[PDB]
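Data first, discussion second: the structure below is written as structure tokens.
Chains: A, B, C, D and E, in written order; residue numbering restarts at 1 for each.
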Amino acid sequence: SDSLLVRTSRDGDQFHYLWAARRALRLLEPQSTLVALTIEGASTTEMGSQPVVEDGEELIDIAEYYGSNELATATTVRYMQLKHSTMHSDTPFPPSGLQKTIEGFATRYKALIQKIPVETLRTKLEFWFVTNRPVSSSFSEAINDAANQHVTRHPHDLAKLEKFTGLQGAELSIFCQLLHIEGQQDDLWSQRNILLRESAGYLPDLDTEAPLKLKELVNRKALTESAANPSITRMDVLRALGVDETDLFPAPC
Amino acid sequence: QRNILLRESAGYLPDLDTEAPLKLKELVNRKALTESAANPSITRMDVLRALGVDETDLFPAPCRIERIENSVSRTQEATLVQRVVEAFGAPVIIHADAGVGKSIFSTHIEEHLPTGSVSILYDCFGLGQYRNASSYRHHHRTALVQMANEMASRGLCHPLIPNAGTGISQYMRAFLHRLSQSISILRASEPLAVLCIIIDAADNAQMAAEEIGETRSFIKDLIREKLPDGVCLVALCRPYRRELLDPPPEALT
Amino acid sequence: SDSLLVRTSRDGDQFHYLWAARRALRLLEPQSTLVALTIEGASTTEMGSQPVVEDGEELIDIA
Amino acid sequence: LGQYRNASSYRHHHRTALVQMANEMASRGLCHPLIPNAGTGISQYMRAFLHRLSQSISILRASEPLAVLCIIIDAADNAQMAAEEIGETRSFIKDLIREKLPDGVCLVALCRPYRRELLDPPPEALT
Amino acid sequence: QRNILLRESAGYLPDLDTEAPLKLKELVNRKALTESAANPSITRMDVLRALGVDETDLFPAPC
């Protein structure tokens, strides 16, 4: 049927919002260095006052910034891309799938390398691929051996990786040093309740409205009305739960 | 659209609420995934379990007064009922001691009203189960909900469905608001219809309240409240327990 | 930009769900004749036990 | 073990005792599990408990027609002493002893002779 | 009667208590047709995570 292919489009957004909402909790840690999440777009303050780099921007599902909301002085920055295939959860992906993501990652990499030198960016920058399904092991081995400068056992997968990246030698190696693969995630039916279990640790009791409210916050960052500012900060999470800083320190010494 | 839903949903509840517009939207959204493709329907039970109540919460205390077939000719009652309607603007209390026929008369009174009239009958005694924790009958949040949904079932006004944490003044205002709608409906089709409220066994409720440590059963507040024009209120008790429900000086005995 | 045309796709679903949720309240009326809402597809019991008509089905937002 | 007067270890509220007994029958396969909710009143707990008594005895007597279900409350007076020591008046047993149970279940309590009137039996009770 | 439990429309506590009967059936059905995983068995930890509770929520006061 046709309606099946329309319904299967919504489950991907549900997976995306739940998985981002589980990440958003880390802003509450009092002795941790994370500072910002941006949903469907990089930070508008990424180059400070200077205009933003638009290359490879549309693969950005989630971006995470540590230390500063600005690539020139942040300690670490992550850009992440997600995939939720519904009906084939046990079946490994081929490299012809990861091609379409690797292309855009290299496109963003080139424009970032032009403005800031490699010896800085190689300490900061990561690209992640996150998916429900397992991923081809030999392709990962080729990625590893490229990143470590060893003769791989699978030259066809390395040739495919070269075709996808358009790079060879150590310039390929550096790029493969920034590429992270994370398969075999818990599916939607599990993700829907893991969030409840993790959110129950900050509260004094079990709760059943907080997993709704964090998801609603993440969803309302993904509309057109919030396009001027896609950021999430600690104050946003606290006013989503409905408290302010005085409730955490009601009676000072 | 995001706030019109709040305004329309606030009419069925006794107070303003800010979680119901989320929950109905979540219900509709979860009907639009693949997991519910076997059944895309929405029914009344789905909406009620989305709000978190069931049919027992709309009818928490049904009537139980025994009707009888034999009825000896007994001349006073036809005068005593017109004595009520011709002495409007004040609460009326009937009293007589044990086994004289108050509860039977409460079933007969309805036949003598002017045409077009409607009467609501409430039972505070049950069958001696009113003193048990699973069968209390004396709170506002039971009797007022009972009477509101009995009028709504007959087609006079909107339903009133309970919400946790709601105080006594909100239930009083929600009840008094719907009395006016019902009396407008009655006095459209006929000029002289009345709406009559009968509280049988009014003295048991205050005994049950005082036994568990409370002091204000619902009839102890309702008797001094002022009802809209065209509404009658009658209470029946034994003669020596009459001071528990403490009538105002303007009352009729 | 391209991302504008992706973001504008979500607002339509938000409008759809809010507008359907306003319709769903009418099921609570004690003296009204409405019996069912079906979201993105007609009722599977539309022809009783007989198989369902599939023509023109995908324009059905709400039934 | 003498902990029942410390704030983190109370045992005399409905939402502790009835949840314990319901899940102890449910773990054995006789009824659905009962899990608590914040903001629920005591009458809802009473009705939800009686429902699962009705489930359990119907499971049992379909295989042995003269079987019974026994519910035992040890140290019944201590629950009322702990309640009155902090300003309440109705521990769970003081309500449960006057409630009407389904057929095929029996209810037994144990106490010291000089403390018996704390839990105030009705005239039908057997001693 | 000796073997099958069924939901009535009444008696259950609101919210999380209502859907445990459905989620046990869902867990069993999910496990039977996810034989491609490392193992299809059910153990206590998966039951507790299916219900959403912790053991101390079921047993707040042991004997």
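Definition applied: a residue touches a chain if its C-beta (ideal position, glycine included) is under 8 Å from a C-beta of that chain, and two chains touch if they have at least 3 such contacts.
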Chain at maximum distance from subunit E, centres defined as averaged CA atoms: B
Central chain (distance from its CA mean to the mean of all protein CA atoms): E
Mean-CA-position distance for subunit C and subunit B (Å): 37
Separation of subunit B from subunit E, taking each centre as the mean of its C-alpha atoms, in whole Å: 39
Subunit A and subunit B, separation of their C-alpha mean positions in angstrom: 56
Length of the line joining the C-alpha centres of subunit A and subunit E, rounded to whole Å: 33
Multi-chain contact sites of subunit C, meaning residues that touch two or more partners: 40-41
Subunit A-facing residues of subunit B, complex: 19, 22-23, 26, 32-35, 37
Footprint of subunit B on subunit D - complex, ascending: 39, 42-43, 46-47, 50, 89-90, 95, 98-100
Subunit C residues within the subunit A interface of the complex: 2-4, 6-8, 10-11, 13-14, 40-41, 57-58
Subunit E contact footprint on subunit D (complex, rising order): 11, 16-17, 19-20, 23, 27, 31-37, 40, 44-45, 47-48, 51-52, 55, 58-59, 62-63
Subunit C partner contacts - residues on subunit B that touch it in the complex: 1-2, 4-5, 8-9, 12, 21, 24-25, 27-29, 31-32, 37, 39-44, 47-48, 149, 152-153, 155, 159, 161
